[PDB]
$ cat model-v7.cif   # mmCIF, C-alpha atoms
data_work
#
loop_
_atom_site.label_atom_id
_atom_site.label_comp_id
_atom_site.auth_asym_id
_atom_site.auth_seq_id
_atom_site.Cartn_x
_atom_site.Cartn_y
_atom_site.Cartn_z
CA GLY A 84 0.00 0.00 0.00
CA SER A 85 2.90 2.34 -0.73
CA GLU A 86 1.07 3.95 -3.65
CA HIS A 87 -1.50 5.24 -1.17
CA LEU A 88 -0.62 5.75 2.50
CA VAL A 89 -3.80 7.59 3.47
CA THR A 90 -2.41 7.50 7.01
CA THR A 91 -2.64 10.45 9.40
CA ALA A 92 -0.18 11.38 12.15
CA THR A 93 2.47 11.83 9.45
CA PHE A 94 5.26 14.27 10.30
CA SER A 95 8.56 15.14 8.63
CA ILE A 96 11.52 16.67 10.47
CA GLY A 97 14.07 16.26 7.70
CA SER A 98 15.06 14.47 4.50
CA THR A 99 17.41 12.07 6.29
CA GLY A 100 15.35 11.91 9.47
CA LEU A 101 11.62 11.38 9.89
CA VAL A 102 9.46 12.23 12.91
CA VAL A 103 6.24 10.40 13.73
CA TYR A 104 3.68 12.70 15.35
CA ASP A 105 0.67 11.08 17.01
CA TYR A 106 -2.11 13.39 18.20
CA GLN A 107 -4.48 10.57 19.14
CA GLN A 108 -1.75 8.24 20.40
CA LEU A 109 -0.29 11.06 22.49
CA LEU A 110 3.07 9.43 21.78
CA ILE A 111 6.06 10.37 19.63
CA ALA A 112 9.17 8.58 18.37
CA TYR A 113 12.00 10.16 16.38
CA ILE A 114 14.19 7.76 14.41
CA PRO A 115 17.62 9.27 13.61
CA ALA A 116 19.82 6.71 11.86
CA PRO A 117 18.80 3.30 10.46
CA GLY A 118 19.38 1.37 13.67
CA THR A 119 19.93 3.97 16.38
CA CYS A 120 18.38 4.64 19.79
CA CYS A 121 14.82 5.98 19.96
CA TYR A 122 13.11 8.64 22.07
CA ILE A 123 9.63 8.97 23.57
CA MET A 124 7.63 12.18 23.98
CA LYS A 125 4.24 12.57 25.66
CA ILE A 126 1.76 15.26 24.61
CA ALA A 127 -1.69 16.31 25.79
CA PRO A 128 -4.83 16.32 23.60
CA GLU A 129 -5.52 20.05 23.88
CA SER A 130 -1.79 20.75 24.06
CA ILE A 131 0.54 19.31 21.42
CA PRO A 132 3.04 22.16 20.92
CA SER A 133 5.04 22.93 17.77
CA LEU A 134 7.44 20.39 16.28
CA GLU A 135 10.18 22.99 15.86
CA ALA A 136 10.39 23.28 19.64
CA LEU A 137 10.69 19.52 20.10
CA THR A 138 13.53 19.23 17.59
CA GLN A 139 15.39 21.94 19.50
CA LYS A 140 15.27 19.80 22.64
CA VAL A 141 16.62 16.81 20.70
CA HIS A 142 19.33 18.77 18.88
CA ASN A 143 20.06 20.74 22.06
CA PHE A 144 22.29 17.87 23.17
CA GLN A 145 23.93 14.72 21.80
CA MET A 146 21.06 12.29 21.22
CA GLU A 147 23.78 9.78 20.36
CA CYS A 148 23.01 6.99 22.83
CA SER A 149 23.56 3.24 23.16
CA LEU A 150 22.32 0.64 25.65
CA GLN A 151 23.88 -2.66 26.71
CA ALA A 152 21.58 -4.89 28.75
CA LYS A 153 18.37 -3.73 30.44
CA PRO A 154 15.33 -5.51 31.92
CA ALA A 155 12.19 -6.17 29.88
CA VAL A 156 11.99 -5.73 26.10
CA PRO A 157 13.47 -2.60 24.47
CA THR A 158 10.39 -1.62 22.46
CA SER A 159 8.82 -4.67 20.83
CA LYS A 160 5.80 -6.75 21.83
CA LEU A 161 5.22 -10.48 21.33
CA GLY A 162 2.25 -11.64 23.38
CA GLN A 163 2.59 -11.93 27.15
CA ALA A 164 1.48 -10.01 30.24
CA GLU A 165 -1.64 -11.22 32.06
CA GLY A 166 -0.10 -14.51 33.14
CA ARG A 167 1.68 -15.95 36.17
CA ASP A 168 4.42 -13.31 36.31
CA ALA A 169 3.47 -10.95 39.14
CA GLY A 170 6.08 -8.35 38.25
CA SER A 171 8.06 -8.27 41.49
CA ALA A 172 7.23 -5.70 44.17
CA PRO A 173 4.84 -2.84 43.30
CA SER A 174 7.38 -0.58 41.60
CA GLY A 175 9.08 0.13 38.28
CA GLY A 176 7.75 0.66 34.78
CA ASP A 177 7.95 -0.87 31.31
CA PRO A 178 8.46 1.84 28.65
CA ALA A 179 8.39 -0.77 25.89
CA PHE A 180 4.60 -0.74 25.56
CA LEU A 181 3.80 2.13 23.19
CA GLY A 182 1.97 2.06 19.86
CA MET A 183 2.98 -0.16 16.96
CA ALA A 184 4.37 2.92 15.22
CA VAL A 185 7.24 3.54 17.64
CA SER A 186 7.31 -0.10 18.74
CA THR A 187 7.84 -1.33 15.18
CA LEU A 188 9.90 1.62 13.96
CA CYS A 189 12.32 1.11 16.85
CA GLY A 190 11.90 -2.66 16.75
CA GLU A 191 14.35 -4.09 19.27
CA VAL A 192 16.04 -0.72 19.77
CA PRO A 193 16.57 0.54 23.34
CA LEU A 194 15.43 3.88 24.75
CA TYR A 195 16.06 6.35 27.57
CA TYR A 196 13.37 8.97 26.99
CA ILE A 197 16.14 11.57 26.99
#
$ encode --input "model-v7.cif" --output "C-alpha cells"
Amino acid sequence: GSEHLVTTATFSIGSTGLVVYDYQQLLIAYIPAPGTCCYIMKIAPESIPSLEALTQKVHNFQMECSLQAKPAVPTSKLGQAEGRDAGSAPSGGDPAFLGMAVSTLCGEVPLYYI
C-alpha cells in the first residue's frame, strides 16, 4: 500500500530523518539513523506544541546513545502479560509498551526517553 498511504499522524523533520507525530496516540518517536536509539515524547490532547520546539530539545544535546543490557523488552511486543508473572514488588515501569508505530519503527532498539 505504498502507492496510497492515506495514514494520518504523518510528520517530517528532515530528508534524512523522519518524525512520527501522534495526536491521538499522544506518543512520539523520532528515528535518527537506520538502527539507532529511539526517544519517547508525551503530549496532551488540547496541548501538542510545535514540532520545531521539540527538535530543538533533541538537537540541544547529543542524542547519540547506546544501551547494553536492560530488563524487559526494548520496544517490541510479542504476546505476554496477564499470566503468572506478578512483576516483582509494586514498583518500576515498562516503557516498551507504546503504539505499533514507535514499537515497530524502533523494533528491538533501546530507549532512555532523553
$ closest_residue --input "model-v7.cif" --among "A:197, A:116, A:152, A:188" --to "residue 98 of chain A" --atoms "all atoms listed in the file"
A:116
$ residues_around --input "model-v7.cif" --residues "residue 186 of chain A" --least-positions-apart "2" --cutoff "10 Å" --atoms "all atoms listed in the file" --output "PDB file with C-alpha atoms, in the frame of the given file"
ATOM      1  CA  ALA A 112       9.170   8.580  18.370  1.00  0.00           C
ATOM      2  CA  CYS A 121      14.820   5.980  19.960  1.00  0.00           C
ATOM      3  CA  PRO A 157      13.470  -2.600  24.470  1.00  0.00           C
ATOM      4  CA  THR A 158      10.390  -1.620  22.460  1.00  0.00           C
ATOM      5  CA  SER A 159       8.820  -4.670  20.830  1.00  0.00           C
ATOM      6  CA  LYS A 160       5.800  -6.750  21.830  1.00  0.00           C
ATOM      7  CA  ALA A 179       8.390  -0.770  25.890  1.00  0.00           C
ATOM      8  CA  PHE A 180       4.600  -0.740  25.560  1.00  0.00           C
ATOM      9  CA  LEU A 181       3.800   2.130  23.190  1.00  0.00           C
ATOM     10  CA  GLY A 182       1.970   2.060  19.860  1.00  0.00           C
ATOM     11  CA  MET A 183       2.980  -0.160  16.960  1.00  0.00           C
ATOM     12  CA  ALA A 184       4.370   2.920  15.220  1.00  0.00           C
ATOM     13  CA  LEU A 188       9.900   1.620  13.960  1.00  0.00           C
ATOM     14  CA  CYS A 189      12.320   1.110  16.850  1.00  0.00           C
ATOM     15  CA  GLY A 190      11.900  -2.660  16.750  1.00  0.00           C
ATOM     16  CA  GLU A 191      14.350  -4.090  19.270  1.00  0.00           C
ATOM     17  CA  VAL A 192      16.040  -0.720  19.770  1.00  0.00           C
TER      18      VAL A 192
END
$ atom_distance --input "model-v7.cif" --atom1 "atom CA of residue 131 of chain A" --atom2 "atom CA of residue 196 of chain A"
17.4 Å
$ atom_distance --input "model-v7.cif" --atom1 "atom CA of residue 93 of chain A" --atom2 "atom CA of residue 113 of chain A"
11.9 Å
$ atom_distance --input "model-v7.cif" --atom1 "atom CA of residue 146 of chain A" --atom2 "atom CA of residue 187 of chain A"
19.9 Å
$ axis_aligned_box --input "model-v7.cif" --around "segment 90-95 of chain A" --padding-each-side "8 Å" --output "lines of an AutoDock Vina configuration file"
center_x = 3.0
center_y = 11.3
center_z = 9.6
size_x = 27.2
size_y = 23.6
size_z = 21.1
$ resolve_selection --input "model-v7.cif" --expression "the PyMOL selection byres ((chain A and resi 95) around 12)" --output "list in words"
residues 92, 93, 94, 96, 97, 98, 99, 100, 101, 102, 103, 104, 112, 113, 114, 115, 134, 135 and 138 of chain A
$ resolve_selection --input "model-v7.cif" --expression "the PyMOL selection byres ((chain A and resi 128) around 10)" --output "PyMOL selection string"
chain A and resi 106-109+126-127+129-131
